[PDB]
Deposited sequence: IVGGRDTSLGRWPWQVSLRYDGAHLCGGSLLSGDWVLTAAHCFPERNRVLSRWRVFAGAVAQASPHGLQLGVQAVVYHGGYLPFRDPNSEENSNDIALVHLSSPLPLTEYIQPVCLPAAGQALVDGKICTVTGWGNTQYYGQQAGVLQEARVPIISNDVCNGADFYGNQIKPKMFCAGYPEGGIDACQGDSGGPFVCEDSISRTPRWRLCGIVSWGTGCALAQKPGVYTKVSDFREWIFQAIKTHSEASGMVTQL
């Protein structure tokens, strides 16, 4: 995350770090004690031995001895993810569930029919680079960015028609604050009180962008509302699966 700030324990309790052979590669969001929602592109051919992945939760410092690390039982990625950029979404089933504590909590999904509010300012978090030619963050970072309309984002001066309908952009025309390499798969959350209580919901999944924090090249996210049914199905369908599977 470029242009963000260090955050503290318990603030974004759904954030997890997905590590392969010891390195942090992607972010992810807990949907329950044993299911994580992330991006499909975090599982290229060279990173598909489930035994080599670990999910780290409950700490904001990557080197905290107090976080919990569990294995992966299965990964279900979207079959429509043609690179295997639309449908850049996947579900990760942990081998055992995490306890839910004041530091580990799931995030909510958008309600049926709930649409993105253009202009609304949401939060994006992660341990990715704080500069494109920089290093990953030691402590989880958070930044607030507004949702941009697809009309603006698909214009010739932004991403000239590369934003498909199940993805959206968030950022400032001016650049300066954005997600970056190492943040892929993590959360883009917006808070609302439609259930009469303020709750944070996962509206987007960090997916891609050209460079990081450049003006007119905002970050692009997978629009979670469009995959609600895919998620509900996948979990039912594969609760007892092991391996890389597609839905």
- Note on the structure: The deposited sequence goes unmodelled at 85-91, 255
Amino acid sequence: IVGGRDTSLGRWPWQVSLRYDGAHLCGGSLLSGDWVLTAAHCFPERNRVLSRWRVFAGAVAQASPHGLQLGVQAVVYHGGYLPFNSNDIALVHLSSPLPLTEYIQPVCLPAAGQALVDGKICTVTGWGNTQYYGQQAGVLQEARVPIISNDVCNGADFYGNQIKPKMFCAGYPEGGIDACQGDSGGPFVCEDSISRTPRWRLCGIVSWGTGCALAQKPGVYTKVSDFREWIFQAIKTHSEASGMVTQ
From here on, numbers count along this sequence of modelled residues.
- Decide which of the stretches 5-13 and 231-239 has the higher mean C-alpha B-factor, going by the entry. 231-239
- Task: Select between 119-127 and 147-155 the stretch whose C-alpha atoms have the higher average B-factor in the entry.
- Result: 147-155
- Just grab whichever of 176, 110, 97, 71 has the top CA B-factor as deposited. 97
- Item | Top Cα B factor in the deposited entry, candidates 183, 45, 34, 191 | 45
- Item | Cα B factor band for residue 104 (lowest, middle or highest third within the chain) | lowest
- Query: Thinking about Cα B factors across the chain, which third does residue 90 belong to?
  - Reply: lowest
- Task: Relative to the other modelled residues of the same chain, rank the CA B-factor of residue 54 and answer lowest, middle or highest third.
- Result: middle
- Which third of the chain does residue 141 land in by C-alpha B-factor: lowest, middle or highest? lowest
- Query: Going by what the PDB entry lists, where does residue 216 fall on CA B-factor within its chain: lowest, middle or highest third?
  - Reply: highest
